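K.L.:
Handing you a structure now.
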Amino acid sequence: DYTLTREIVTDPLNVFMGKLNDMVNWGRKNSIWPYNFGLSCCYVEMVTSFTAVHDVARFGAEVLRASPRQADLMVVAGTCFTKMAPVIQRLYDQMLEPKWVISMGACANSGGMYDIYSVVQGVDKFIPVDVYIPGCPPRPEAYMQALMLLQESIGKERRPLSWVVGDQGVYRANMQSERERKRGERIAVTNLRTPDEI
Amino acid sequence: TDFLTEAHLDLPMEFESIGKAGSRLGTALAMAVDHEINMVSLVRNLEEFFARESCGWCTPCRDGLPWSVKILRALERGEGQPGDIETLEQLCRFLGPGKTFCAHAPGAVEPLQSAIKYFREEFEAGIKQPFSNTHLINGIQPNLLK
Ligand code: SF4
Ligand code: SF4
């Protein structure tokens, strides 16, 4: 159950090529360089994650490039305004493969609370998103959880090793949804602490 | 009709004579209440009669005489709370001649206001517990009204 991009296909994978692909995916998922992109309040929570009290640096994702060429992760953390949607599209085009997209917050997910004339209702209207984060704003640890989700998504995708040989198509794994995976524990919740307590 | 005291006993039974005395002549068939009969139970019985035998057409008498009856039932058992006598005064003020559809309810709360005016100390003795209308809901902090 994979997905081809240049189609629901199967697992394509010599046994040495599988180990080579696993090492490539391990190196790509353990070194993810986000693009410094200040849109709205969700970016404030993103840079709150980048600080000392949360330390996204532990995952190897602290480099925070100001140039789209060096970065390989686009965290759309803010509202997709109509004036900035071409800017976001151009910055995504300037990135180089492999690249991944995380929508952070309700604005980047669907437009959020701003169903208004000057706001594009979600960045997935024009940019293929890999991980969505609900929240307004999502807390910094929610951004780190989404980073880990992106890491385990990257760790089993199949990409070409070299551009001169082999299949050049990009295979993305169809992950099981987090909602269906966590339904076994979320439904079993019975009692929560009362709101009058600290 | 309104209750009267011993100071009003030396007063002739006419219409105008009882007119400025704070009562009515009525059918001129008086009834005397001694010291042994408490006025709280007497007013409770009077309002219970006037509530169960009301016609129930108009809102103030129909939905306020049971409130006064329940207040007097609480005052009988000592379950009165601060805000009951004032409720009785507000109901009596809002049950005057023309405040209701007819004059049955002004005659109903004439004994209530008379026993309030002359025997208020017998009604305050029934107020024992503080005003508790709500109960505590676990998880919601109450709004501490001042
Ligand atoms: S989702 Fe909420 S916190 Fe995030 S950019 Fe929109 S308004 Fe700001
Ligand atoms: S005041 Fe008269 S009309 Fe109104 S409900 Fe009572 S008995 Fe009926």
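Numbering starts fresh at 1 for the residues of each chain in the structure tokens, the chains themselves are lettered A, B, ... in the order given, and ligands are numbered from 1 as they appear.
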List the neighbours of region 73-85 of chain A out to 9 Å using only C-alpha atoms; skip same-chain residues closer than 3 positions along the sequence, and give me the result as a VMD selection string.

P.N.:
chain A and resid 32 to 46 68 88 to 92 95 98 to 108 111 to 112 114 117 to 123 126

K.L.:
What residues in chain B have any atom no more than 8 Å from chain A when counting only C-alpha atoms, and can you write them as a ChimeraX atom specification?

P.N.:
/B:138-141

K.L.:
Which residue is closest to ligand 1? Choose from A:136, A:13, A:173, A:64 and count only C-alpha atoms and all ligand atoms.

P.N.:
A:136

K.L.:
Residues of region 4-197 of chain A classed as helix (DSSP H, G or I) by DSSP on the backbone are to be reported as a PDB file with N, CA, C and O atoms, in the first residue's frame.

P.N.:
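Okay, this is what ended up in out26.pdb:
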ATOM      1  N   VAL A  15      19.092  -7.297  -1.914  1.00  0.00           N
ATOM      2  CA  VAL A  15      18.929  -7.002  -0.497  1.00  0.00           C
ATOM      3  C   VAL A  15      19.904  -5.922  -0.041  1.00  0.00           C
ATOM      4  O   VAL A  15      19.682  -5.286   0.995  1.00  0.00           O
ATOM      5  N   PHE A  16      20.979  -5.686  -0.799  1.00  0.00           N
ATOM      6  CA  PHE A  16      21.879  -4.584  -0.484  1.00  0.00           C
ATOM      7  C   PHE A  16      21.240  -3.239  -0.793  1.00  0.00           C
ATOM      8  O   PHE A  16      21.483  -2.258  -0.079  1.00  0.00           O
ATOM      9  N   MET A  17      20.424  -3.172  -1.850  1.00  0.00           N
ATOM     10  CA  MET A  17      19.733  -1.932  -2.181  1.00  0.00           C
ATOM     11  C   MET A  17      18.704  -1.563  -1.123  1.00  0.00           C
ATOM     12  O   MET A  17      18.480  -0.375  -0.872  1.00  0.00           O
ATOM     13  N   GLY A  18      18.079  -2.559  -0.489  1.00  0.00           N
ATOM     14  CA  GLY A  18      17.177  -2.270   0.613  1.00  0.00           C
ATOM     15  C   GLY A  18      17.888  -1.656   1.802  1.00  0.00           C
ATOM     16  O   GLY A  18      17.394  -0.704   2.408  1.00  0.00           O
ATOM     17  N   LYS A  19      19.068  -2.184   2.140  1.00  0.00           N
ATOM     18  CA  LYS A  19      19.863  -1.608   3.219  1.00  0.00           C
ATOM     19  C   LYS A  19      20.353  -0.211   2.859  1.00  0.00           C
ATOM     20  O   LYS A  19      20.399   0.677   3.720  1.00  0.00           O
ATOM     21  N   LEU A  20      20.725   0.000   1.594  1.00  0.00           N
ATOM     22  CA  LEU A  20      21.147   1.324   1.145  1.00  0.00           C
ATOM     23  C   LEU A  20      20.007   2.329   1.247  1.00  0.00           C
ATOM     24  O   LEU A  20      20.202   3.460   1.706  1.00  0.00           O
ATOM     25  N   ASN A  21      18.802   1.920   0.839  1.00  0.00           N
ATOM     26  CA  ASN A  21      17.633   2.785   0.939  1.00  0.00           C
ATOM     27  C   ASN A  21      17.280   3.071   2.391  1.00  0.00           C
ATOM     28  O   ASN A  21      16.883   4.192   2.730  1.00  0.00           O
ATOM     29  N   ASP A  22      17.422   2.069   3.263  1.00  0.00           N
ATOM     30  CA  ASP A  22      17.172   2.273   4.685  1.00  0.00           C
ATOM     31  C   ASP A  22      18.171   3.249   5.292  1.00  0.00           C
ATOM     32  O   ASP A  22      17.797   4.089   6.115  1.00  0.00           O
ATOM     33  N   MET A  23      19.444   3.158   4.895  1.00  0.00           N
ATOM     34  CA  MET A  23      20.442   4.097   5.401  1.00  0.00           C
ATOM     35  C   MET A  23      20.179   5.512   4.896  1.00  0.00           C
ATOM     36  O   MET A  23      20.329   6.483   5.649  1.00  0.00           O
ATOM     37  N   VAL A  24      19.768   5.643   3.630  1.00  0.00           N
ATOM     38  CA  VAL A  24      19.422   6.953   3.079  1.00  0.00           C
ATOM     39  C   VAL A  24      18.237   7.554   3.824  1.00  0.00           C
ATOM     40  O   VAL A  24      18.250   8.736   4.189  1.00  0.00           O
ATOM     41  N   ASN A  25      17.206   6.744   4.081  1.00  0.00           N
ATOM     42  CA  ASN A  25      16.036   7.232   4.802  1.00  0.00           C
ATOM     43  C   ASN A  25      16.376   7.582   6.244  1.00  0.00           C
ATOM     44  O   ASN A  25      15.840   8.551   6.793  1.00  0.00           O
ATOM     45  N   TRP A  26      17.269   6.811   6.869  1.00  0.00           N
ATOM     46  CA  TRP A  26      17.699   7.102   8.233  1.00  0.00           C
ATOM     47  C   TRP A  26      18.441   8.430   8.304  1.00  0.00           C
ATOM     48  O   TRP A  26      18.183   9.257   9.188  1.00  0.00           O
ATOM     49  N   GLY A  27      19.357   8.659   7.359  1.00  0.00           N
ATOM     50  CA  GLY A  27      20.067   9.924   7.313  1.00  0.00           C
ATOM     51  C   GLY A  27      19.178  11.103   6.982  1.00  0.00           C
ATOM     52  O   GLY A  27      19.405  12.212   7.474  1.00  0.00           O
ATOM     53  N   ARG A  28      18.163  10.891   6.142  1.00  0.00           N
ATOM     54  CA  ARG A  28      17.249  11.978   5.806  1.00  0.00           C
ATOM     55  C   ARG A  28      16.322  12.308   6.969  1.00  0.00           C
ATOM     56  O   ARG A  28      16.021  13.481   7.211  1.00  0.00           O
ATOM     57  N   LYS A  29      15.850  11.293   7.693  1.00  0.00           N
ATOM     58  CA  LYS A  29      14.935  11.538   8.798  1.00  0.00           C
ATOM     59  C   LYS A  29      15.640  12.011  10.058  1.00  0.00           C
ATOM     60  O   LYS A  29      15.000  12.640  10.906  1.00  0.00           O
ATOM     61  N   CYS A  41       1.174  33.501  14.446  1.00  0.00           N
ATOM     62  CA  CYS A  41       1.379  33.059  15.825  1.00  0.00           C
ATOM     63  C   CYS A  41       1.899  31.625  15.926  1.00  0.00           C
ATOM     64  O   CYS A  41       2.616  31.276  16.884  1.00  0.00           O
ATOM     65  N   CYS A  42       1.549  30.780  14.956  1.00  0.00           N
ATOM     66  CA  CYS A  42       2.049  29.411  14.943  1.00  0.00           C
ATOM     67  C   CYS A  42       3.566  29.374  14.793  1.00  0.00           C
ATOM     68  O   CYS A  42       4.223  28.477  15.334  1.00  0.00           O
ATOM     69  N   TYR A  43       4.143  30.357  14.098  1.00  0.00           N
ATOM     70  CA  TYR A  43       5.595  30.469  14.033  1.00  0.00           C
ATOM     71  C   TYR A  43       6.188  30.848  15.383  1.00  0.00           C
ATOM     72  O   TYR A  43       7.314  30.443  15.697  1.00  0.00           O
ATOM     73  N   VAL A  44       5.458  31.627  16.185  1.00  0.00           N
ATOM     74  CA  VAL A  44       5.917  31.932  17.535  1.00  0.00           C
ATOM     75  C   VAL A  44       5.975  30.661  18.371  1.00  0.00           C
ATOM     76  O   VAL A  44       6.938  30.438  19.112  1.00  0.00           O
ATOM     77  N   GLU A  45       4.977  29.784  18.238  1.00  0.00           N
ATOM     78  CA  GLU A  45       5.082  28.516  18.967  1.00  0.00           C
ATOM     79  C   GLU A  45       6.161  27.599  18.390  1.00  0.00           C
ATOM     80  O   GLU A  45       6.778  26.824  19.133  1.00  0.00           O
ATOM     81  N   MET A  46       6.422  27.687  17.085  1.00  0.00           N
ATOM     82  CA  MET A  46       7.503  26.909  16.483  1.00  0.00           C
ATOM     83  C   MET A  46       8.865  27.329  17.034  1.00  0.00           C
ATOM     84  O   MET A  46       9.678  26.486  17.437  1.00  0.00           O
ATOM     85  N   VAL A  47       9.123  28.637  17.097  1.00  0.00           N
ATOM     86  CA  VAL A  47      10.391  29.089  17.659  1.00  0.00           C
ATOM     87  C   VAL A  47      10.417  28.956  19.175  1.00  0.00           C
ATOM     88  O   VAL A  47      11.501  28.964  19.769  1.00  0.00           O
ATOM     89  N   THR A  48       9.257  28.841  19.826  1.00  0.00           N
ATOM     90  CA  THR A  48       9.245  28.420  21.223  1.00  0.00           C
ATOM     91  C   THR A  48       9.725  26.984  21.360  1.00  0.00           C
ATOM     92  O   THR A  48      10.415  26.646  22.328  1.00  0.00           O
ATOM     93  N   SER A  49       9.347  26.125  20.411  1.00  0.00           N
ATOM     94  CA  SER A  49       9.869  24.760  20.401  1.00  0.00           C
ATOM     95  C   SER A  49      11.375  24.750  20.189  1.00  0.00           C
ATOM     96  O   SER A  49      12.093  23.981  20.836  1.00  0.00           O
ATOM     97  N   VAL A  56      14.156  21.139  20.281  1.00  0.00           N
ATOM     98  CA  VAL A  56      14.059  20.396  19.029  1.00  0.00           C
ATOM     99  C   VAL A  56      15.438  20.063  18.461  1.00  0.00           C
ATOM    100  O   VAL A  56      15.563  19.162  17.625  1.00  0.00           O
ATOM    101  N   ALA A  57      16.486  20.740  18.947  1.00  0.00           N
ATOM    102  CA  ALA A  57      17.860  20.443  18.557  1.00  0.00           C
ATOM    103  C   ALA A  57      18.248  18.998  18.833  1.00  0.00           C
ATOM    104  O   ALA A  57      19.116  18.456  18.143  1.00  0.00           O
ATOM    105  N   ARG A  58      17.613  18.364  19.825  1.00  0.00           N
ATOM    106  CA  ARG A  58      17.911  16.975  20.158  1.00  0.00           C
ATOM    107  C   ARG A  58      17.597  16.031  19.006  1.00  0.00           C
ATOM    108  O   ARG A  58      18.269  15.009  18.840  1.00  0.00           O
ATOM    109  N   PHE A  59      16.600  16.363  18.191  1.00  0.00           N
ATOM    110  CA  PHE A  59      16.239  15.532  17.053  1.00  0.00           C
ATOM    111  C   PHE A  59      17.071  15.831  15.815  1.00  0.00           C
ATOM    112  O   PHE A  59      16.909  15.144  14.802  1.00  0.00           O
ATOM    113  N   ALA A  85       0.171  33.768  -0.455  1.00  0.00           N
ATOM    114  CA  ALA A  85       0.109  32.459  -1.103  1.00  0.00           C
ATOM    115  C   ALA A  85       1.029  32.317  -2.320  1.00  0.00           C
ATOM    116  O   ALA A  85       1.654  31.248  -2.449  1.00  0.00           O
ATOM    117  N   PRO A  86       1.161  33.295  -3.234  1.00  0.00           N
ATOM    118  CA  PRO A  86       2.224  33.175  -4.245  1.00  0.00           C
ATOM    119  C   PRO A  86       3.625  33.163  -3.662  1.00  0.00           C
ATOM    120  O   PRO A  86       4.505  32.495  -4.218  1.00  0.00           O
ATOM    121  N   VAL A  87       3.859  33.878  -2.558  1.00  0.00           N
ATOM    122  CA  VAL A  87       5.167  33.851  -1.910  1.00  0.00           C
ATOM    123  C   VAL A  87       5.466  32.461  -1.362  1.00  0.00           C
ATOM    124  O   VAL A  87       6.577  31.942  -1.527  1.00  0.00           O
ATOM    125  N   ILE A  88       4.480  31.835  -0.712  1.00  0.00           N
ATOM    126  CA  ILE A  88       4.658  30.481  -0.191  1.00  0.00           C
ATOM    127  C   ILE A  88       4.871  29.495  -1.330  1.00  0.00           C
ATOM    128  O   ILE A  88       5.702  28.583  -1.233  1.00  0.00           O
ATOM    129  N   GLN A  89       4.144  29.675  -2.436  1.00  0.00           N
ATOM    130  CA  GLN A  89       4.314  28.790  -3.585  1.00  0.00           C
ATOM    131  C   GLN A  89       5.703  28.934  -4.201  1.00  0.00           C
ATOM    132  O   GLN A  89       6.331  27.934  -4.567  1.00  0.00           O
ATOM    133  N   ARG A  90       6.204  30.167  -4.310  1.00  0.00           N
ATOM    134  CA  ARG A  90       7.538  30.389  -4.861  1.00  0.00           C
ATOM    135  C   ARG A  90       8.621  29.826  -3.948  1.00  0.00           C
ATOM    136  O   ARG A  90       9.591  29.228  -4.427  1.00  0.00           O
ATOM    137  N   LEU A  91       8.472  30.005  -2.632  1.00  0.00           N
ATOM    138  CA  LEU A  91       9.443  29.446  -1.696  1.00  0.00           C
ATOM    139  C   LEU A  91       9.418  27.923  -1.700  1.00  0.00           C
ATOM    140  O   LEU A  91      10.462  27.290  -1.521  1.00  0.00           O
ATOM    141  N   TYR A  92       8.243  27.320  -1.896  1.00  0.00           N
ATOM    142  CA  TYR A  92       8.178  25.870  -2.024  1.00  0.00           C
ATOM    143  C   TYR A  92       8.811  25.402  -3.328  1.00  0.00           C
ATOM    144  O   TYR A  92       9.442  24.340  -3.371  1.00  0.00           O
ATOM    145  N   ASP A  93       8.639  26.174  -4.405  1.00  0.00           N
ATOM    146  CA  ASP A  93       9.264  25.826  -5.677  1.00  0.00           C
ATOM    147  C   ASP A  93      10.780  25.939  -5.611  1.00  0.00           C
ATOM    148  O   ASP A  93      11.485  25.172  -6.274  1.00  0.00           O
ATOM    149  N   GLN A  94      11.296  26.885  -4.826  1.00  0.00           N
ATOM    150  CA  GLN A  94      12.739  27.060  -4.721  1.00  0.00           C
ATOM    151  C   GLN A  94      13.406  25.946  -3.927  1.00  0.00           C
ATOM    152  O   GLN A  94      14.625  25.786  -4.020  1.00  0.00           O
ATOM    153  N   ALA A 106      -4.597  25.544  12.683  1.00  0.00           N
ATOM    154  CA  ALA A 106      -5.862  25.447  11.967  1.00  0.00           C
ATOM    155  C   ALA A 106      -5.874  26.299  10.705  1.00  0.00           C
ATOM    156  O   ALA A 106      -6.530  25.931   9.724  1.00  0.00           O
ATOM    157  N   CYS A 107      -5.165  27.430  10.712  1.00  0.00           N
ATOM    158  CA  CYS A 107      -5.068  28.265   9.518  1.00  0.00           C
ATOM    159  C   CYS A 107      -4.386  27.525   8.380  1.00  0.00           C
ATOM    160  O   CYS A 107      -4.866  27.531   7.241  1.00  0.00           O
ATOM    161  N   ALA A 108      -3.251  26.891   8.667  1.00  0.00           N
ATOM    162  CA  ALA A 108      -2.540  26.156   7.631  1.00  0.00           C
ATOM    163  C   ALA A 108      -3.263  24.872   7.263  1.00  0.00           C
ATOM    164  O   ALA A 108      -3.128  24.390   6.134  1.00  0.00           O
ATOM    165  N   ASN A 109      -4.030  24.305   8.194  1.00  0.00           N
ATOM    166  CA  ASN A 109      -4.788  23.099   7.887  1.00  0.00           C
ATOM    167  C   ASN A 109      -5.932  23.404   6.931  1.00  0.00           C
ATOM    168  O   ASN A 109      -6.017  22.834   5.839  1.00  0.00           O
ATOM    169  N   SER A 110      -6.821  24.309   7.324  1.00  0.00           N
ATOM    170  CA  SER A 110      -8.063  24.508   6.596  1.00  0.00           C
ATOM    171  C   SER A 110      -8.485  25.961   6.460  1.00  0.00           C
ATOM    172  O   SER A 110      -9.577  26.215   5.949  1.00  0.00           O
ATOM    173  N   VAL A 123      -3.365  25.482   3.134  1.00  0.00           N
ATOM    174  CA  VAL A 123      -2.256  25.484   2.183  1.00  0.00           C
ATOM    175  C   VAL A 123      -2.280  24.250   1.295  1.00  0.00           C
ATOM    176  O   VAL A 123      -1.625  24.234   0.245  1.00  0.00           O
ATOM    177  N   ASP A 124      -3.070  23.233   1.648  1.00  0.00           N
ATOM    178  CA  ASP A 124      -3.200  22.057   0.797  1.00  0.00           C
ATOM    179  C   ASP A 124      -4.013  22.329  -0.461  1.00  0.00           C
ATOM    180  O   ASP A 124      -4.125  21.436  -1.308  1.00  0.00           O
ATOM    181  N   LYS A 125      -4.593  23.524  -0.593  1.00  0.00           N
ATOM    182  CA  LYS A 125      -5.191  23.927  -1.858  1.00  0.00           C
ATOM    183  C   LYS A 125      -4.146  24.038  -2.961  1.00  0.00           C
ATOM    184  O   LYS A 125      -4.456  23.796  -4.132  1.00  0.00           O
ATOM    185  N   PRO A 140       4.318  23.686  21.520  1.00  0.00           N
ATOM    186  CA  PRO A 140       5.609  23.275  20.927  1.00  0.00           C
ATOM    187  C   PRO A 140       5.837  21.774  20.875  1.00  0.00           C
ATOM    188  O   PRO A 140       6.395  21.257  19.896  1.00  0.00           O
ATOM    189  N   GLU A 141       5.387  21.051  21.899  1.00  0.00           N
ATOM    190  CA  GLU A 141       5.510  19.604  21.894  1.00  0.00           C
ATOM    191  C   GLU A 141       4.606  18.949  20.858  1.00  0.00           C
ATOM    192  O   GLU A 141       4.923  17.855  20.391  1.00  0.00           O
ATOM    193  N   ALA A 142       3.504  19.595  20.471  1.00  0.00           N
ATOM    194  CA  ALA A 142       2.706  19.084  19.357  1.00  0.00           C
ATOM    195  C   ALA A 142       3.466  19.203  18.043  1.00  0.00           C
ATOM    196  O   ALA A 142       3.385  18.312  17.186  1.00  0.00           O
ATOM    197  N   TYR A 143       4.227  20.285  17.877  1.00  0.00           N
ATOM    198  CA  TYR A 143       5.098  20.419  16.714  1.00  0.00           C
ATOM    199  C   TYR A 143       6.190  19.358  16.719  1.00  0.00           C
ATOM    200  O   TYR A 143       6.530  18.806  15.667  1.00  0.00           O
ATOM    201  N   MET A 144       6.748  19.051  17.893  1.00  0.00           N
ATOM    202  CA  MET A 144       7.750  17.989  17.961  1.00  0.00           C
ATOM    203  C   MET A 144       7.147  16.611  17.706  1.00  0.00           C
ATOM    204  O   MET A 144       7.800  15.751  17.100  1.00  0.00           O
ATOM    205  N   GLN A 145       5.906  16.384  18.145  1.00  0.00           N
ATOM    206  CA  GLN A 145       5.215  15.135  17.834  1.00  0.00           C
ATOM    207  C   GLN A 145       4.974  14.997  16.338  1.00  0.00           C
ATOM    208  O   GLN A 145       5.135  13.908  15.774  1.00  0.00           O
ATOM    209  N   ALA A 146       4.595  16.091  15.679  1.00  0.00           N
ATOM    210  CA  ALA A 146       4.437  16.066  14.229  1.00  0.00           C
ATOM    211  C   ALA A 146       5.768  15.856  13.523  1.00  0.00           C
ATOM    212  O   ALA A 146       5.822  15.224  12.464  1.00  0.00           O
ATOM    213  N   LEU A 147       6.848  16.399  14.086  1.00  0.00           N
ATOM    214  CA  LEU A 147       8.178  16.143  13.546  1.00  0.00           C
ATOM    215  C   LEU A 147       8.533  14.665  13.636  1.00  0.00           C
ATOM    216  O   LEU A 147       9.106  14.098  12.701  1.00  0.00           O
ATOM    217  N   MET A 148       8.190  14.022  14.753  1.00  0.00           N
ATOM    218  CA  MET A 148       8.420  12.584  14.880  1.00  0.00           C
ATOM    219  C   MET A 148       7.545  11.789  13.914  1.00  0.00           C
ATOM    220  O   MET A 148       7.979  10.759  13.381  1.00  0.00           O
ATOM    221  N   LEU A 149       6.308  12.246  13.690  1.00  0.00           N
ATOM    222  CA  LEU A 149       5.441  11.611  12.698  1.00  0.00           C
ATOM    223  C   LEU A 149       6.035  11.712  11.301  1.00  0.00           C
ATOM    224  O   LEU A 149       6.018  10.741  10.533  1.00  0.00           O
ATOM    225  N   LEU A 150       6.572  12.883  10.960  1.00  0.00           N
ATOM    226  CA  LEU A 150       7.255  13.054   9.684  1.00  0.00           C
ATOM    227  C   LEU A 150       8.490  12.171   9.598  1.00  0.00           C
ATOM    228  O   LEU A 150       8.807  11.645   8.530  1.00  0.00           O
ATOM    229  N   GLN A 151       9.201  12.001  10.717  1.00  0.00           N
ATOM    230  CA  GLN A 151      10.380  11.138  10.733  1.00  0.00           C
ATOM    231  C   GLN A 151      10.014   9.689  10.436  1.00  0.00           C
ATOM    232  O   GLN A 151      10.670   9.027   9.624  1.00  0.00           O
ATOM    233  N   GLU A 152       8.959   9.179  11.076  1.00  0.00           N
ATOM    234  CA  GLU A 152       8.589   7.793  10.800  1.00  0.00           C
ATOM    235  C   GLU A 152       7.913   7.636   9.446  1.00  0.00           C
ATOM    236  O   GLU A 152       7.891   6.527   8.908  1.00  0.00           O
ATOM    237  N   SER A 153       7.366   8.714   8.882  1.00  0.00           N
ATOM    238  CA  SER A 153       6.897   8.652   7.501  1.00  0.00           C
ATOM    239  C   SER A 153       8.063   8.601   6.521  1.00  0.00           C
ATOM    240  O   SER A 153       8.017   7.862   5.532  1.00  0.00           O
ATOM    241  N   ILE A 154       9.112   9.385   6.779  1.00  0.00           N
ATOM    242  CA  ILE A 154      10.285   9.412   5.909  1.00  0.00           C
ATOM    243  C   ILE A 154      11.034   8.089   5.980  1.00  0.00           C
ATOM    244  O   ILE A 154      11.530   7.584   4.965  1.00  0.00           O
ATOM    245  N   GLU A 178      -3.413   8.330  12.595  1.00  0.00           N
ATOM    246  CA  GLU A 178      -3.165   8.429  14.028  1.00  0.00           C
ATOM    247  C   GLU A 178      -4.453   8.342  14.830  1.00  0.00           C
ATOM    248  O   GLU A 178      -4.440   7.861  15.967  1.00  0.00           O
ATOM    249  N   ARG A 179      -5.567   8.793  14.254  1.00  0.00           N
ATOM    250  CA  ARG A 179      -6.850   8.729  14.945  1.00  0.00           C
ATOM    251  C   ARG A 179      -7.302   7.287  15.137  1.00  0.00           C
ATOM    252  O   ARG A 179      -7.691   6.889  16.241  1.00  0.00           O
ATOM    253  N   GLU A 180      -7.232   6.480  14.075  1.00  0.00           N
ATOM    254  CA  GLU A 180      -7.611   5.076  14.182  1.00  0.00           C
ATOM    255  C   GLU A 180      -6.628   4.285  15.030  1.00  0.00           C
ATOM    256  O   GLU A 180      -7.020   3.313  15.686  1.00  0.00           O
ATOM    257  N   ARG A 181      -5.353   4.672  15.028  1.00  0.00           N
ATOM    258  CA  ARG A 181      -4.373   3.973  15.852  1.00  0.00           C
ATOM    259  C   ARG A 181      -4.558   4.296  17.330  1.00  0.00           C
ATOM    260  O   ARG A 181      -4.383   3.425  18.188  1.00  0.00           O
ATOM    261  N   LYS A 182      -4.912   5.537  17.648  1.00  0.00           N
ATOM    262  CA  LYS A 182      -5.064   5.967  19.029  1.00  0.00           C
ATOM    263  C   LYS A 182      -6.481   5.804  19.559  1.00  0.00           C
ATOM    264  O   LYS A 182      -6.716   6.092  20.736  1.00  0.00           O
ATOM    265  N   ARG A 183      -7.427   5.370  18.719  1.00  0.00           N
ATOM    266  CA  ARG A 183      -8.790   5.128  19.187  1.00  0.00           C
ATOM    267  C   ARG A 183      -8.853   4.023  20.234  1.00  0.00           C
ATOM    268  O   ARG A 183      -9.747   4.030  21.085  1.00  0.00           O
ATOM    269  N   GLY A 184      -7.912   3.078  20.201  1.00  0.00           N
ATOM    270  CA  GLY A 184      -7.915   2.010  21.184  1.00  0.00           C
ATOM    271  C   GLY A 184      -7.632   2.484  22.595  1.00  0.00           C
ATOM    272  O   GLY A 184      -8.042   1.835  23.562  1.00  0.00           O
ATOM    273  N   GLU A 185      -6.943   3.614  22.738  1.00  0.00           N
ATOM    274  CA  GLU A 185      -6.631   4.162  24.051  1.00  0.00           C
ATOM    275  C   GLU A 185      -7.445   5.398  24.397  1.00  0.00           C
ATOM    276  O   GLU A 185      -7.657   5.669  25.583  1.00  0.00           O
ATOM    277  N   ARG A 186      -7.901   6.158  23.400  1.00  0.00           N
ATOM    278  CA  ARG A 186      -8.648   7.378  23.691  1.00  0.00           C
ATOM    279  C   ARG A 186     -10.053   7.066  24.190  1.00  0.00           C
ATOM    280  O   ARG A 186     -10.576   7.764  25.065  1.00  0.00           O
TER     281      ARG A 186
END

K.L.:
With a distance cut-off of 9 Å and only C-alpha atoms, select the neighbouring residues of residue 3 (chain B), excluding the residue or stretch itself and same-chain residues fewer than 5 positions from it, and output the selection as a CSV table (one decimal) with N, CA and C atoms, in the first residue's frame.

P.N.:
chain,number,residue,atom,x,y,z
B,22,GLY,N,-57.6,49.9,58.1
B,22,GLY,CA,-56.7,48.9,57.5
B,22,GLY,C,-57.3,47.5,57.4
B,23,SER,N,-58.6,47.4,57.2
B,23,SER,CA,-59.3,46.1,57.1
B,23,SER,C,-60.6,46.4,56.3
B,110,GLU,N,-54.8,39.8,52.0
B,110,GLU,CA,-55.0,40.6,53.1
B,110,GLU,C,-54.7,40.0,54.5
B,111,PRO,N,-55.0,38.7,54.8
B,111,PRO,CA,-54.5,38.2,56.1
B,111,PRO,C,-53.0,38.0,56.1
B,112,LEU,N,-52.4,37.8,55.0
B,112,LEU,CA,-50.9,37.6,55.0
B,112,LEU,C,-50.2,38.9,55.4
B,113,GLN,N,-50.6,40.0,54.7
B,113,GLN,CA,-50.0,41.3,55.1
B,113,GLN,C,-50.4,41.8,56.5
B,114,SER,N,-51.6,41.4,56.9
B,114,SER,CA,-52.0,41.8,58.3
B,114,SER,C,-51.2,41.1,59.3
B,115,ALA,N,-51.0,39.8,59.2
B,115,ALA,CA,-50.2,39.1,60.1
B,115,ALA,C,-48.7,39.4,60.0
B,118,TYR,N,-48.7,42.9,62.0
B,118,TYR,CA,-48.9,42.9,63.4
B,118,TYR,C,-48.1,41.8,64.2

K.L.:
Show me which residues line ligand 2, defined as having an atom within 9 Å of a ligand atom where only C-alpha atoms and all ligand atoms count, and present them as a ChimeraX atom specification.

P.N.:
/B:50-51,53-63,65,95,99-106,108

K.L.:
Would you compute the distance between CA of residue 155 (chain A) and CA of residue 5 (chain A)? Give it in Å to one decimal.

P.N.:
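Going from CA of residue 155 (chain A) over to CA of residue 5 (chain A) covers 17.4 Å.
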
K.L.:
Find the distance between CA of residue 11 (chain A) and CA of residue 156 (chain A) and write it in Å to one decimal.

P.N.:
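That distance, rounded to one decimal, is 10.1 Å.
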
K.L.:
In Å, rounded to a single decimal, give me how far CA of residue 81 (chain B) is from CA of residue 127 (chain B).

P.N.:
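Those two atoms sit 5.0 Å apart.
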
K.L.:
Tell me which protein, DNA and RNA residues are within 9 Å of residue 15 (chain B), counting only C-alpha atoms, leaving out same-chain ones fewer than 5 positions away, and put them as a list in words.

P.N.:
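Final neighbour list, sorted by chain and number: residues 24, 25 and 26 of chain B.
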
K.L.:
Can you work out which one of A:52, A:161, A:63, A:133 has the shortest atom-to-atom distance to ligand 1, counting only C-alpha atoms and all ligand atoms?

P.N.:
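Looking only at the distances to ligand 1, the closest residue turns out to be A:133.
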